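A short worksheet on the structure shown next.
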Number of protein chains: 20
Amino acid sequence: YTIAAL
Amino acid sequence: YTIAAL
Amino acid sequence: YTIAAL
Amino acid sequence: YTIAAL
Amino acid sequence: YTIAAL
Amino acid sequence: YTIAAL
Amino acid sequence: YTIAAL
Amino acid sequence: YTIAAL
Amino acid sequence: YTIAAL
Amino acid sequence: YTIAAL
Amino acid sequence: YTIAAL
Amino acid sequence: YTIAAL
Amino acid sequence: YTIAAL
Amino acid sequence: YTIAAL
Amino acid sequence: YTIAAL
Amino acid sequence: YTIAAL
Amino acid sequence: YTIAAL
Amino acid sequence: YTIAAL
Amino acid sequence: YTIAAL
Amino acid sequence: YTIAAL
């Protein structure tokens, strides 16, 4: 499970 | 910009 | 399950 | 497997 | 912008 | 910019 | 900006 | 489990 | 395995 | 800039 | 800025 | 377990 | 195994 | 700048 | 600034 | 267990 | 094994 | 600058 | 500034 | 084994 917020 | 992979 | 919001 | 290029 | 989910 | 990998 | 999750 | 906040 | 390049 | 690896 | 978690 | 705060 | 280069 | 490794 | 945790 | 504060 | 270079 | 190794 | 803990 | 060079 990967999450990225830019 | 948000991305999530489960 | 992948989700991306731009 | 998820890949995103911006 | 390219996205691929496998 | 935040990223988390589980 | 490139992100890949395997 | 890795998390980074910039 | 997650990799991100900004 | 904070990073944690568990 | 590059980050990889294995 | 490693943590770094800059 | 986590590696980050800034 | 603080770093801890356990 | 480079950090690696194994 | 190592800790350094700068 | 943790290594950081600033 | 403080460092402790246990 | 370099630090390594083994 | 810990080593730090400033």
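Just so we're on the same page: first chain in the structure tokens is A, next is B, and so on; residues restart at 1 for each chain, and ligands are numbered from 1 in the order they show up.
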
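DSSP annotation of chain N from backbone atoms: strand (DSSP E or B) residues are residues 2, 3, 4 and 5 of chain N.
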
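The environment of residue 6 in chain R within 9 Å, counting only C-alpha atoms and disregarding residues fewer than 2 places along the same chain, consists of residues 1, 2 and 3 of chain P; 4 of chain R.
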
CA of residue 5 in chain D to CA of residue 5 in chain M measures 19.2 Å
